[PDB]
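Here we start with a single chain on its own, the form deposited in one PDB entry, put down as structure tokens.
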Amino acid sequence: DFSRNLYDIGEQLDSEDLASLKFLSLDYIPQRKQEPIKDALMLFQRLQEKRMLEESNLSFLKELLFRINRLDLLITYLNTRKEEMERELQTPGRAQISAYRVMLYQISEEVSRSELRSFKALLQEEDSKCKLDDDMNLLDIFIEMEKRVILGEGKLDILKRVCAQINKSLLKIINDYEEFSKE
């Protein structure tokens, strides 16, 4: 039932969904170690092996599905409403995905086609060590930036200098994240 439900969820997740889920699972599953993962079930099983997903522990799966906005799957297969996930995640300490990862992913959510192209151009202005192609989405760019150690939890300078020239909303996402690190 449980395994069958996990797999069931996996059948409804597409390639974009998978890419997003793997990006959001970076605090626990290293990016190197993600490219054997070819579908959502493999990701789920990798999470199972890390005891971050089991019959009595569905929290991380729910958080993942909520973050990538698959509310339909939450309802259908996990009988969980968005209101519940909101109440749960806003409570300090319950979120298992770091605020940094969520911040980057939300930026990726807000950026359009043309804004993505602008991001690439502006980044190519700001840095030359990043290897960029035009099939890359924003997440891939983030991964490349981290690979080049110009992006990290406490290094947002280039990210902000780029985003400020694209849309104030992105910069506000960063600024908000940056200031609830008051901790």
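Numbering starts at 1 and runs along the sequence shown.
Although it is not shown, the form deposited with a partner chain bound is what the next lines describe.
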Quiz item: Quick one: is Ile37 in contact with the partner chain in the deposited bound form, heavy atoms, 4.5 Å cut-off?
Solution: no
Quiz item: Any chance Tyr28 has a heavy atom within 4.5 Å of the partner chain in the deposited bound form?
Solution: yes
Quiz item: Can you check whether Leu41 is within 4.5 Å of the partner chain in the deposited bound form, heavy atom basis?
Solution: yes
Quiz item: Is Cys130 a contact residue for the partner chain in the deposited bound form, using a 4.5 Å heavy atom cut-off?
Solution: yes
